[PDB]
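Just the one chain here, the form deposited in one PDB entry, laid out as structure tokens.
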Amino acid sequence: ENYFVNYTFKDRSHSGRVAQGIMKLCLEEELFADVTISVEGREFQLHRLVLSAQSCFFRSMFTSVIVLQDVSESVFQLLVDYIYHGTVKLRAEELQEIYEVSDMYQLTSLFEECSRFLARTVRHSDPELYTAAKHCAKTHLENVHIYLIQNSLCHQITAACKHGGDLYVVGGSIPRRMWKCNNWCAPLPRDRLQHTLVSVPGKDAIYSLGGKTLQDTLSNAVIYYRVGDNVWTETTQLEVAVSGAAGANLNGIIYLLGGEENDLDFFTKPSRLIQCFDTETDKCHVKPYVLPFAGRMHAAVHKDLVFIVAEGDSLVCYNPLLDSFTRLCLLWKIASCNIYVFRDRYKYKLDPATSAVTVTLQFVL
């Protein structure tokens, strides 16, 4: 209503304060405990109010001198550190132990995160872990893993994409011609050079985000091709024009990495940017996170993360949900299947668990 008589004053800082003060006044300067927890003889002064507000099992437990057996002391310490500070530096050694208990104590966030951990690194009422385990059936003891560039395709190629086995290559005498090497397509109704050809199966279609124009300008336009009807429709534009940028899909979202951008009003400078196109909401945004490595990068999708290689032997991991990088150490191009880095200047599978590599050109995608 009128701000000079009465109005509703809602604050987003209130949550931050009721989190930070809680964190600061329990793990240090323990006070107002009111409960004593036994962990194989270890005495804990766990405050009551904080618990039960996240774990309903502790609500049931403390609805009018405890035992809480079948729990590891260290895992319970980790659980308390979570419930009190929200930040836990988990390790692969204590994963399953921190998993089963957390699904027991109604910790949705931790349940999901350990399910993701188990699905990544490879019983309960969750589908994600079950589907991830079922998908790991190709190695329990039909399609080419990656399509090179045996055919010839003498026509000039400037872009290619895969949709599960159907190699849709932009090219020909005029680039608008689209050739299909499944196991021809509607002409591209745009003049583009160095356009990012994403293939998101969730809303099955082929997207042509970014590119260069015949007038030597950067194209901030996205046009999509519907697979089932050969309809080159048009979708919402990008936010920043790019060309020759890496592209990678993840559960519907399309991530546009790096490329070249408009510099000095006349030229193109290598860019280090993150762009996200929600192929379900049909909206674009630019992530505040900026890649350490700029230039001409090639990205690959592995589990829930994305490996990026720009220039040299340094690969940069990227977890979209956590917005953090691992920055491992070792022009290349990463192809993640079943990872594998291929050198462009050809003058070898990878294992990301221990950063150990094994030893065994136009468009590798």
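In this text, rigid core is short for the largest set of C-alphas that superpose within 1.5 Å between two forms. Residue positions are given as counts along the sequence shown, with the first one as 1.
Looking at the other PDB entries for this protein, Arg42 is absent from the model in a third or more of those that include the residues around it. Where the other entries of this protein model the residues before and after it, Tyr348 is kept in all of them rather than dropped from a third. According to the record, 1 to 3 deposited residues between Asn338 and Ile339 are left without atomic coordinates.
Missing here is the form deposited in another entry; even so, the following discussion is about that form.
Among the candidates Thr108, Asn251, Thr233, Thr236, the CA atom that moves 2 angstroms or more between the shown form and the other one after core superposition belongs to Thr108 alone. Relative to the superposed core, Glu94 undergoes a C-alpha shift of no less than 2 Å between the shown form and the other one. Once the cores line up, the CA of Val18 ends up 2 angstroms or more apart between the shown form and the other one.
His85: CA moves 2 Å or more between the shown form and the other one after rigid-core fitting.
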